[PDB]
$ cat work12.txt   # compact mmCIF, N, CA and C atoms
# COMPACT_ATOMS: atom_id res chain seq x y z
N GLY G 19 -71.68 17.57 -6.07
CA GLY G 19 -72.19 18.89 -5.75
C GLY G 19 -71.71 19.95 -6.72
N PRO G 20 -72.07 21.20 -6.47
CA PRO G 20 -71.59 22.28 -7.35
C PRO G 20 -70.08 22.41 -7.28
N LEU G 21 -69.47 22.71 -8.42
CA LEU G 21 -68.04 22.95 -8.48
C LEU G 21 -67.81 24.42 -8.79
N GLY G 22 -66.79 25.00 -8.12
CA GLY G 22 -66.55 26.43 -8.21
C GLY G 22 -65.86 26.86 -9.50
N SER G 23 -66.00 28.16 -9.78
CA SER G 23 -65.56 28.69 -11.06
C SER G 23 -64.06 28.49 -11.29
N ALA G 24 -63.23 28.66 -10.25
CA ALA G 24 -61.80 28.37 -10.34
C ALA G 24 -61.44 27.33 -9.28
N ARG G 25 -60.83 26.22 -9.70
CA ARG G 25 -60.61 25.12 -8.77
C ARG G 25 -59.48 24.22 -9.28
N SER G 26 -58.94 23.41 -8.37
CA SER G 26 -58.03 22.31 -8.74
C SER G 26 -58.76 20.99 -8.49
N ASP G 27 -59.28 20.40 -9.57
CA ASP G 27 -59.93 19.09 -9.47
C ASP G 27 -58.98 18.04 -8.92
N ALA G 28 -57.68 18.19 -9.18
CA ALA G 28 -56.72 17.22 -8.65
C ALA G 28 -56.58 17.36 -7.14
N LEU G 29 -56.51 18.60 -6.64
CA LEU G 29 -56.42 18.79 -5.20
C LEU G 29 -57.72 18.42 -4.51
N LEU G 30 -58.87 18.65 -5.16
CA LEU G 30 -60.13 18.17 -4.60
C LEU G 30 -60.13 16.65 -4.47
N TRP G 31 -59.59 15.97 -5.48
CA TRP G 31 -59.50 14.51 -5.44
C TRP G 31 -58.59 14.05 -4.31
N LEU G 32 -57.42 14.68 -4.18
CA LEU G 32 -56.48 14.33 -3.11
C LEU G 32 -57.10 14.56 -1.73
N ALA G 33 -57.77 15.69 -1.54
CA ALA G 33 -58.39 15.96 -0.25
C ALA G 33 -59.53 14.99 0.04
N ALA G 34 -60.23 14.52 -1.00
CA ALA G 34 -61.30 13.55 -0.77
C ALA G 34 -60.74 12.17 -0.44
N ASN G 35 -59.68 11.76 -1.13
CA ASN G 35 -59.18 10.40 -1.02
C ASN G 35 -58.10 10.24 0.04
N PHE G 36 -57.33 11.29 0.34
CA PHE G 36 -56.31 11.23 1.39
C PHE G 36 -56.49 12.42 2.33
N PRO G 37 -57.60 12.45 3.07
CA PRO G 37 -57.86 13.62 3.94
C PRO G 37 -56.82 13.81 5.03
N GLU G 38 -56.16 12.74 5.49
CA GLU G 38 -55.16 12.91 6.55
C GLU G 38 -54.05 13.84 6.10
N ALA G 39 -53.72 13.83 4.81
CA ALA G 39 -52.68 14.67 4.24
C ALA G 39 -53.21 15.99 3.67
N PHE G 40 -54.37 15.98 3.01
CA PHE G 40 -54.77 17.12 2.19
C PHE G 40 -56.09 17.78 2.58
N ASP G 41 -56.75 17.32 3.64
CA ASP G 41 -57.90 18.05 4.19
C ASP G 41 -57.41 18.98 5.30
N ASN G 42 -57.38 20.28 5.02
CA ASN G 42 -56.98 21.25 6.03
C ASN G 42 -58.17 22.02 6.60
N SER G 43 -59.36 21.40 6.61
CA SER G 43 -60.54 22.03 7.19
C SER G 43 -60.32 22.42 8.65
N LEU G 44 -59.52 21.64 9.39
CA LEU G 44 -59.20 21.97 10.78
C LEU G 44 -57.74 22.29 11.01
N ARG G 45 -56.82 21.55 10.38
CA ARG G 45 -55.40 21.73 10.62
C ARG G 45 -54.63 21.26 9.39
N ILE G 46 -53.35 21.63 9.35
CA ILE G 46 -52.46 21.26 8.26
C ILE G 46 -51.17 20.73 8.88
N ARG G 47 -50.57 19.73 8.25
CA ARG G 47 -49.42 19.06 8.84
C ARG G 47 -48.34 18.86 7.80
N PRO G 48 -47.07 18.87 8.22
CA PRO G 48 -45.98 18.62 7.27
C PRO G 48 -46.14 17.26 6.62
N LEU G 49 -45.78 17.18 5.36
CA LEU G 49 -45.92 15.95 4.59
C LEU G 49 -44.57 15.25 4.47
N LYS G 50 -44.64 13.92 4.44
CA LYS G 50 -43.48 13.09 4.16
C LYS G 50 -42.69 13.63 2.97
N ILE G 51 -41.36 13.64 3.11
CA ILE G 51 -40.51 13.93 1.96
C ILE G 51 -40.69 12.82 0.93
N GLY G 52 -41.02 13.21 -0.30
CA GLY G 52 -41.24 12.24 -1.35
C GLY G 52 -42.64 11.67 -1.41
N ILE G 53 -43.61 12.31 -0.76
CA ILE G 53 -44.99 11.83 -0.80
C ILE G 53 -45.54 11.81 -2.23
N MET G 54 -44.91 12.55 -3.15
CA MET G 54 -45.37 12.54 -4.54
C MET G 54 -45.34 11.13 -5.13
N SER G 55 -44.27 10.37 -4.86
CA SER G 55 -44.20 9.02 -5.41
C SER G 55 -45.27 8.12 -4.81
N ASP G 56 -45.56 8.28 -3.51
CA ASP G 56 -46.66 7.55 -2.89
C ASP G 56 -47.99 7.86 -3.57
N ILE G 57 -48.24 9.15 -3.85
CA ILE G 57 -49.46 9.55 -4.54
C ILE G 57 -49.53 8.91 -5.92
N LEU G 58 -48.42 8.92 -6.66
CA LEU G 58 -48.42 8.43 -8.03
C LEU G 58 -48.77 6.95 -8.13
N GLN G 59 -48.60 6.19 -7.05
CA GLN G 59 -49.04 4.80 -7.07
C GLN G 59 -50.55 4.68 -7.24
N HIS G 60 -51.29 5.75 -6.94
CA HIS G 60 -52.75 5.75 -7.05
C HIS G 60 -53.24 6.42 -8.32
N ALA G 61 -52.34 6.62 -9.30
CA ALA G 61 -52.66 7.42 -10.48
C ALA G 61 -53.79 6.80 -11.30
N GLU G 62 -53.91 5.47 -11.29
CA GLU G 62 -54.93 4.82 -12.09
C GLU G 62 -56.33 5.23 -11.66
N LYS G 63 -56.59 5.24 -10.34
CA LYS G 63 -57.91 5.63 -9.88
C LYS G 63 -58.20 7.10 -10.20
N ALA G 64 -57.19 7.96 -10.09
CA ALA G 64 -57.37 9.36 -10.47
C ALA G 64 -57.66 9.49 -11.97
N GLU G 65 -56.98 8.69 -12.80
CA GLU G 65 -57.17 8.83 -14.23
C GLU G 65 -58.59 8.45 -14.63
N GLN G 66 -59.22 7.55 -13.87
CA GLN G 66 -60.60 7.16 -14.15
C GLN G 66 -61.58 8.32 -14.01
N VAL G 67 -61.24 9.33 -13.22
CA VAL G 67 -62.07 10.52 -13.11
C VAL G 67 -61.40 11.71 -13.80
N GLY G 68 -60.50 11.45 -14.74
CA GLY G 68 -59.92 12.49 -15.56
C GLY G 68 -58.82 13.31 -14.91
N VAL G 69 -58.24 12.83 -13.81
CA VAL G 69 -57.17 13.55 -13.13
C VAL G 69 -55.83 12.95 -13.56
N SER G 70 -55.01 13.76 -14.22
CA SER G 70 -53.75 13.34 -14.81
C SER G 70 -52.61 13.36 -13.80
N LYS G 71 -51.55 12.60 -14.11
CA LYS G 71 -50.37 12.60 -13.25
C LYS G 71 -49.79 14.00 -13.11
N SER G 72 -49.77 14.76 -14.20
CA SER G 72 -49.26 16.13 -14.16
C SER G 72 -50.12 17.01 -13.26
N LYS G 73 -51.44 16.83 -13.29
CA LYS G 73 -52.30 17.65 -12.45
C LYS G 73 -52.16 17.27 -10.99
N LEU G 74 -51.94 15.98 -10.70
CA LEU G 74 -51.62 15.58 -9.33
C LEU G 74 -50.35 16.26 -8.84
N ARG G 75 -49.31 16.30 -9.68
CA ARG G 75 -48.10 17.02 -9.29
C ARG G 75 -48.39 18.50 -9.08
N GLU G 76 -49.19 19.08 -9.98
CA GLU G 76 -49.58 20.48 -9.83
C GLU G 76 -50.31 20.72 -8.51
N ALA G 77 -51.22 19.81 -8.14
CA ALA G 77 -51.99 19.96 -6.90
C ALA G 77 -51.08 19.94 -5.68
N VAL G 78 -50.08 19.05 -5.68
CA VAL G 78 -49.18 18.99 -4.54
C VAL G 78 -48.34 20.26 -4.45
N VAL G 79 -47.93 20.82 -5.59
CA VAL G 79 -47.20 22.08 -5.58
C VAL G 79 -48.07 23.20 -5.01
N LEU G 80 -49.33 23.27 -5.46
CA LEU G 80 -50.27 24.25 -4.92
C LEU G 80 -50.39 24.13 -3.41
N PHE G 81 -50.65 22.92 -2.92
CA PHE G 81 -50.84 22.70 -1.49
C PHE G 81 -49.62 23.17 -0.69
N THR G 82 -48.42 22.74 -1.11
CA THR G 82 -47.23 22.94 -0.29
C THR G 82 -46.62 24.32 -0.46
N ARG G 83 -47.18 25.18 -1.29
CA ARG G 83 -46.73 26.56 -1.31
C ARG G 83 -47.71 27.48 -0.59
N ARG G 84 -48.80 26.94 -0.07
CA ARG G 84 -49.69 27.72 0.78
C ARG G 84 -48.90 28.29 1.95
N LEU G 85 -49.14 29.56 2.26
CA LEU G 85 -48.50 30.15 3.43
C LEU G 85 -48.74 29.32 4.68
N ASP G 86 -49.93 28.73 4.80
CA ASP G 86 -50.23 27.97 6.01
C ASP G 86 -49.44 26.67 6.06
N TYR G 87 -49.14 26.07 4.89
CA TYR G 87 -48.24 24.93 4.88
C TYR G 87 -46.83 25.34 5.26
N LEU G 88 -46.32 26.40 4.62
CA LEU G 88 -44.96 26.84 4.91
C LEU G 88 -44.79 27.16 6.39
N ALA G 89 -45.84 27.71 7.01
CA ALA G 89 -45.76 28.10 8.41
C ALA G 89 -45.81 26.91 9.36
N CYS G 90 -46.32 25.75 8.91
CA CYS G 90 -46.36 24.57 9.77
C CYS G 90 -45.04 23.79 9.75
N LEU G 91 -44.11 24.17 8.88
CA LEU G 91 -42.80 23.53 8.76
C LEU G 91 -41.83 24.16 9.75
N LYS G 92 -42.07 23.88 11.03
CA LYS G 92 -41.19 24.29 12.11
C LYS G 92 -40.34 23.09 12.51
N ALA G 93 -39.10 23.37 12.92
CA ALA G 93 -38.22 22.32 13.40
C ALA G 93 -38.93 21.45 14.44
N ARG G 94 -38.74 20.14 14.30
CA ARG G 94 -39.20 19.07 15.19
C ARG G 94 -40.67 18.73 14.96
N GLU G 95 -41.42 19.50 14.17
CA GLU G 95 -42.78 19.10 13.80
C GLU G 95 -42.75 17.78 13.03
N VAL G 96 -43.85 17.04 13.13
CA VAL G 96 -43.93 15.67 12.63
C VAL G 96 -44.39 15.65 11.18
N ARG G 97 -43.65 14.95 10.32
CA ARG G 97 -44.10 14.72 8.95
C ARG G 97 -44.94 13.45 8.87
N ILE G 98 -46.04 13.52 8.11
CA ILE G 98 -46.98 12.41 8.01
C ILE G 98 -47.01 11.89 6.58
N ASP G 99 -47.42 10.63 6.45
CA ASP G 99 -47.65 10.02 5.14
C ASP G 99 -49.10 10.25 4.70
N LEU G 100 -49.48 9.67 3.55
CA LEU G 100 -50.81 9.93 2.98
C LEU G 100 -51.94 9.52 3.91
N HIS G 101 -51.66 8.63 4.86
CA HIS G 101 -52.68 8.12 5.77
C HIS G 101 -52.52 8.66 7.18
N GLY G 102 -51.69 9.68 7.37
CA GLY G 102 -51.53 10.27 8.67
C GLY G 102 -50.56 9.58 9.60
N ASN G 103 -49.79 8.62 9.12
CA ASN G 103 -48.79 8.00 9.97
C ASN G 103 -47.57 8.91 10.11
N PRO G 104 -47.02 9.04 11.32
CA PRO G 104 -45.77 9.80 11.49
C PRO G 104 -44.57 9.06 10.90
N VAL G 105 -43.72 9.79 10.18
CA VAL G 105 -42.60 9.15 9.50
C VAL G 105 -41.26 9.81 9.81
N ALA G 106 -41.26 11.11 10.10
CA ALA G 106 -40.01 11.85 10.23
C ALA G 106 -40.31 13.19 10.91
N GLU G 107 -39.25 13.94 11.18
CA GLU G 107 -39.33 15.29 11.73
C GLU G 107 -38.89 16.30 10.68
N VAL G 108 -39.49 17.49 10.74
CA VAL G 108 -38.96 18.64 10.04
C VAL G 108 -37.62 19.01 10.66
N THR G 109 -36.58 19.12 9.82
CA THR G 109 -35.25 19.49 10.28
C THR G 109 -35.09 21.00 10.36
N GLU G 110 -34.01 21.42 11.03
CA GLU G 110 -33.73 22.85 11.18
C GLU G 110 -33.47 23.51 9.83
N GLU G 111 -32.83 22.80 8.91
CA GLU G 111 -32.57 23.37 7.58
C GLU G 111 -33.86 23.46 6.77
N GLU G 112 -34.74 22.46 6.91
CA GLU G 112 -36.05 22.54 6.27
C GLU G 112 -36.88 23.69 6.82
N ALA G 113 -36.87 23.88 8.14
CA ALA G 113 -37.55 25.01 8.77
C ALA G 113 -37.01 26.34 8.25
N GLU G 114 -35.68 26.50 8.26
CA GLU G 114 -35.08 27.73 7.76
C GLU G 114 -35.51 28.03 6.33
N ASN G 115 -35.45 27.01 5.46
CA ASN G 115 -35.86 27.18 4.07
C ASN G 115 -37.31 27.63 3.96
N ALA G 116 -38.19 27.12 4.84
CA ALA G 116 -39.60 27.51 4.79
C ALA G 116 -39.81 28.94 5.29
N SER G 117 -39.09 29.33 6.35
CA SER G 117 -39.23 30.69 6.87
C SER G 117 -38.75 31.73 5.85
N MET G 118 -37.69 31.41 5.10
CA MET G 118 -37.23 32.33 4.07
C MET G 118 -38.26 32.49 2.96
N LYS G 119 -38.87 31.38 2.52
CA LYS G 119 -39.94 31.45 1.53
C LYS G 119 -41.10 32.32 2.01
N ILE G 120 -41.51 32.15 3.26
CA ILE G 120 -42.60 32.96 3.81
C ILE G 120 -42.21 34.43 3.83
N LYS G 121 -41.01 34.73 4.34
CA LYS G 121 -40.58 36.12 4.42
C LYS G 121 -40.58 36.77 3.05
N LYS G 122 -40.12 36.03 2.04
CA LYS G 122 -40.12 36.56 0.68
C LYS G 122 -41.53 36.72 0.13
N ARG G 123 -42.44 35.81 0.48
CA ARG G 123 -43.82 35.91 0.02
C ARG G 123 -44.54 37.09 0.66
N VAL G 124 -44.20 37.43 1.90
CA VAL G 124 -44.95 38.42 2.67
C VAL G 124 -44.32 39.82 2.60
N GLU G 125 -43.02 39.92 2.31
CA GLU G 125 -42.35 41.21 2.14
C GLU G 125 -43.13 42.19 1.28

$ encode --input "work12.txt" --output "structure tokens"
Amino acid sequence: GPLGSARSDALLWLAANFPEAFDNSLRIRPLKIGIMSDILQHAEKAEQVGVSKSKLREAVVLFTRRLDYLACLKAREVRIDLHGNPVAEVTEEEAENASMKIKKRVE
């Protein structure tokens, strides 16, 4: 389909291929700590459509600095893997770190 004037082709690829993690059309959920390495195992298929390992890292940084991502990192919320499986909880220190980032972004 049409592609927009400013976009992340890497994040579009991630949302198409791992919607449980990167499709936020309805909701957004905390991601497994270290999900970047899980993503990098799929780098070959991304490279076939011109998506580089660096751009995949860039896309994950973009996603996880969204205010809506930072706001979903509340203590005891469930972290999911690339396929939506629960793996861990957001800790109190992780929650605190996210609330400080939000407060600084919104000040």

$ atom_distance --input "work12.txt" --atom1 "atom CA of residue 122 of chain G" --atom2 "atom C of residue 52 of chain G"
25.1 Å

$ select_by_dssp --input "work12.txt" --residues "segment 22-119 of chain G" --states "alpha helix (DSSP H)" --output "NGL selection string"
:G and (27-35 or 37-40 or 53-58 or 61-66 or 71-82 or 85-90 or 110-119)

$ residues_around --input "work12.txt" --residues "segment 25-41 of chain G" --least-positions-apart "6" --cutoff "6 Å" --atoms "all atoms listed in the file" --output "list in words"
residues 69, 73, 74, 77, 99, 100, 101 and 102 of chain G

$ closest_residue --input "work12.txt" --among "G:47, G:70, G:125, G:106" --to "residue 91 of chain G" --atoms "all atoms listed in the file"
G:47

$ residues_around --input "work12.txt" --residues "residue 111 of chain G" --least-positions-apart "3" --cutoff "12 Å" --atoms "only C-alpha atoms" --output "ChimeraX atom specification"
/G:91-94,107-108,114-118

$ atom_distance --input "work12.txt" --atom1 "atom CA of residue 96 of chain G" --atom2 "atom N of residue 48 of chain G"
6.3 Å

$ atom_distance --input "work12.txt" --atom1 "atom N of residue 103 of chain G" --atom2 "atom C of residue 72 of chain G"
23.9 Å

$ closest_residue --input "work12.txt" --among "G:80, G:89, G:98, G:124" --to "residue 53 of chain G" --atoms "only N, CA and C atoms"
G:98

$ select_by_dssp --input "work12.txt" --residues "segment 87-125 of chain G" --states "strand (DSSP E or B)" --output "MDAnalysis selection string"
chainID G and resid 96:98 104:107

$ write_last_selection --input "work12.txt" --atoms "N, CA and C atoms" --output "PDB file, in the frame of the given file"
ATOM      1  N   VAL G  96     -43.850  17.040  13.130  1.00  0.00           N
ATOM      2  CA  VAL G  96     -43.930  15.670  12.630  1.00  0.00           C
ATOM      3  C   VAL G  96     -44.390  15.650  11.180  1.00  0.00           C
ATOM      4  N   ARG G  97     -43.650  14.950  10.320  1.00  0.00           N
ATOM      5  CA  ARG G  97     -44.100  14.720   8.950  1.00  0.00           C
ATOM      6  C   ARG G  97     -44.940  13.450   8.870  1.00  0.00           C
ATOM      7  N   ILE G  98     -46.040  13.520   8.110  1.00  0.00           N
ATOM      8  CA  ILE G  98     -46.980  12.410   8.010  1.00  0.00           C
ATOM      9  C   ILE G  98     -47.010  11.890   6.580  1.00  0.00           C
ATOM     10  N   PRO G 104     -47.020   9.040  11.320  1.00  0.00           N
ATOM     11  CA  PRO G 104     -45.770   9.800  11.490  1.00  0.00           C
ATOM     12  C   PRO G 104     -44.570   9.060  10.900  1.00  0.00           C
ATOM     13  N   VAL G 105     -43.720   9.790  10.180  1.00  0.00           N
ATOM     14  CA  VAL G 105     -42.600   9.150   9.500  1.00  0.00           C
ATOM     15  C   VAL G 105     -41.260   9.810   9.810  1.00  0.00           C
ATOM     16  N   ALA G 106     -41.260  11.110  10.100  1.00  0.00           N
ATOM     17  CA  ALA G 106     -40.010  11.850  10.230  1.00  0.00           C
ATOM     18  C   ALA G 106     -40.310  13.190  10.910  1.00  0.00           C
ATOM     19  N   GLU G 107     -39.250  13.940  11.180  1.00  0.00           N
ATOM     20  CA  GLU G 107     -39.330  15.290  11.730  1.00  0.00           C
ATOM     21  C   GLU G 107     -38.890  16.300  10.680  1.00  0.00           C
TER      22      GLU G 107
END

$ closest_residue --input "work12.txt" --among "G:90, G:120, G:105, G:112" --to "residue 50 of chain G" --atoms "all atoms listed in the file"
G:105

$ decode --input "work12.txt" --residues "segment 89-104 of chain G" --atoms "N, CA, C and O atoms" --output "mmCIF file, in the first residue's frame"
data_model
loop_
_atom_site.group_PDB
_atom_site.id
_atom_site.type_symbol
_atom_site.label_atom_id
_atom_site.label_comp_id
_atom_site.auth_asym_id
_atom_site.auth_seq_id
_atom_site.Cartn_x
_atom_site.Cartn_y
_atom_site.Cartn_z
ATOM 1 N N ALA G 89 4.123 4.781 29.922
ATOM 2 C CA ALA G 89 3.001 4.801 30.846
ATOM 3 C C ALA G 89 2.463 3.410 31.155
ATOM 4 O O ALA G 89 1.788 3.242 32.177
ATOM 5 N N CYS G 90 2.728 2.416 30.299
ATOM 6 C CA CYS G 90 2.262 1.056 30.559
ATOM 7 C C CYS G 90 3.210 0.280 31.475
ATOM 8 O O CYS G 90 2.864 -0.817 31.934
ATOM 9 N N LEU G 91 4.374 0.851 31.783
ATOM 10 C CA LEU G 91 5.374 0.234 32.659
ATOM 11 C C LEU G 91 5.060 0.574 34.117
ATOM 12 O O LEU G 91 5.745 1.356 34.779
ATOM 13 N N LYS G 92 3.973 -0.015 34.604
ATOM 14 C CA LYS G 92 3.580 0.088 35.997
ATOM 15 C C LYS G 92 4.000 -1.186 36.718
ATOM 16 O O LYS G 92 3.991 -2.271 36.135
ATOM 17 N N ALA G 93 4.372 -1.043 37.991
ATOM 18 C CA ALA G 93 4.722 -2.204 38.800
ATOM 19 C C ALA G 93 3.661 -3.293 38.678
ATOM 20 O O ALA G 93 2.452 -3.020 38.674
ATOM 21 N N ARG G 94 4.127 -4.530 38.535
ATOM 22 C CA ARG G 94 3.365 -5.774 38.498
ATOM 23 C C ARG G 94 2.730 -6.024 37.128
ATOM 24 O O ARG G 94 2.214 -7.122 36.906
ATOM 25 N N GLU G 95 2.748 -5.060 36.203
ATOM 26 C CA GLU G 95 2.303 -5.328 34.837
ATOM 27 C C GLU G 95 3.170 -6.406 34.200
ATOM 28 O O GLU G 95 4.343 -6.568 34.542
ATOM 29 N N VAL G 96 2.584 -7.128 33.248
ATOM 30 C CA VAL G 96 3.182 -8.331 32.672
ATOM 31 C C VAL G 96 4.042 -7.972 31.462
ATOM 32 O O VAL G 96 3.568 -7.323 30.521
ATOM 33 N N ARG G 97 5.288 -8.447 31.449
ATOM 34 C CA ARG G 97 6.134 -8.312 30.266
ATOM 35 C C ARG G 97 5.930 -9.499 29.335
ATOM 36 O O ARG G 97 5.816 -10.646 29.787
ATOM 37 N N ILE G 98 5.855 -9.219 28.032
ATOM 38 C CA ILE G 98 5.582 -10.249 27.035
ATOM 39 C C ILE G 98 6.778 -10.394 26.100
ATOM 40 O O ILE G 98 7.575 -9.467 25.915
ATOM 41 N N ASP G 99 6.875 -11.573 25.481
ATOM 42 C CA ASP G 99 7.876 -11.828 24.449
ATOM 43 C C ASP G 99 7.311 -11.455 23.069
ATOM 44 O O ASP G 99 6.191 -10.951 22.950
ATOM 45 N N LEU G 100 8.087 -11.719 22.008
ATOM 46 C CA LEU G 100 7.691 -11.303 20.662
ATOM 47 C C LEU G 100 6.370 -11.908 20.223
ATOM 48 O O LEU G 100 5.722 -11.368 19.319
ATOM 49 N N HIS G 101 5.962 -13.015 20.837
ATOM 50 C CA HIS G 101 4.751 -13.721 20.460
ATOM 51 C C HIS G 101 3.644 -13.559 21.486
ATOM 52 O O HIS G 101 2.643 -14.273 21.416
ATOM 53 N N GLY G 102 3.793 -12.634 22.429
ATOM 54 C CA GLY G 102 2.756 -12.394 23.406
ATOM 55 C C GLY G 102 2.744 -13.322 24.599
ATOM 56 O O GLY G 102 1.785 -13.285 25.375
ATOM 57 N N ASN G 103 3.771 -14.144 24.779
ATOM 58 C CA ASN G 103 3.815 -14.977 25.969
ATOM 59 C C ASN G 103 4.268 -14.158 27.178
ATOM 60 O O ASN G 103 5.226 -13.383 27.080
ATOM 61 N N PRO G 104 3.624 -14.341 28.336
ATOM 62 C CA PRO G 104 4.094 -13.683 29.566
ATOM 63 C C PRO G 104 5.412 -14.273 30.064
ATOM 64 O O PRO G 104 5.585 -15.490 30.118
#
